[PDB]
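Have a look at the structure below, then the notes.
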Amino acid sequence: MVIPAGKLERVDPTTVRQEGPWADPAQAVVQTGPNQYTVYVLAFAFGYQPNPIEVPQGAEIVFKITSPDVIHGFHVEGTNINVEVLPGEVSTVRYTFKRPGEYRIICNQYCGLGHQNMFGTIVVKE
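Residue 726 in our numbering sits at position 78 of the sequence shown, and the numbers go up by one each step.
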């Protein structure tokens with residue numbers, strides 16, 4: 649089943665949050681392209697963890713969220729951004745802002761959850 653290739657990378661609860669980009673919050677924002685930063689987000693129901701999310705306006709942003717058995721996603725203003733992917737597979741969305749602004753709220757996530765998942769978290773830096 650878990651055998652990616654073309655697009656979208658599939659992960660596992662094995663050590664995806666213990667080792668790698670999701671392991672430490674320092675690996676959150678990491679430039680991998682000419683003007684595109686790779687953002688990582690993790691949120692599990694087993695304990696507690698920070699939300700070191702970033703999104704510099706003007707440059708491309710590739711958000712990467714992954715969880716063991718919990719949906720996260722995030723709905724940012726400006727556009728009808730619809731990002732929602734079940735746990736067990738890191739997602740990849742391309743959305744860049746034009747101005748600074750802090751937003752952390754979840755809603756209208758396809759199914760329209762509201763009593764399980766968590767509240768998104770994103771921060772823009774000038």
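Here a beta-carbon is modelled for each residue, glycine too, at the ideal position from N, C-alpha and C.
Asked: So what's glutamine 675 in DSSP terms, helix, strand or just coil?; Found: helix
Asked: What residue ranges within the stretch 677–744 form continuous beta strand (DSSP E) runs of no fewer than 3 residues, ordered along the chain?; Found: 684–690 and 708–714
Asked: Tell whether a beta-carbon distance below 8 angstroms holds between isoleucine 709 and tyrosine 743.; Found: yes
Asked: Output the distance between the C-alpha atoms of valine 772 and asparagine 730, rounded to the nearest integer angstrom.; Found: 18 angstroms
Asked: Out of curiosity, what's the CA-to-CA distance linking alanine 693 and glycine 768?; Found: 14 angstroms
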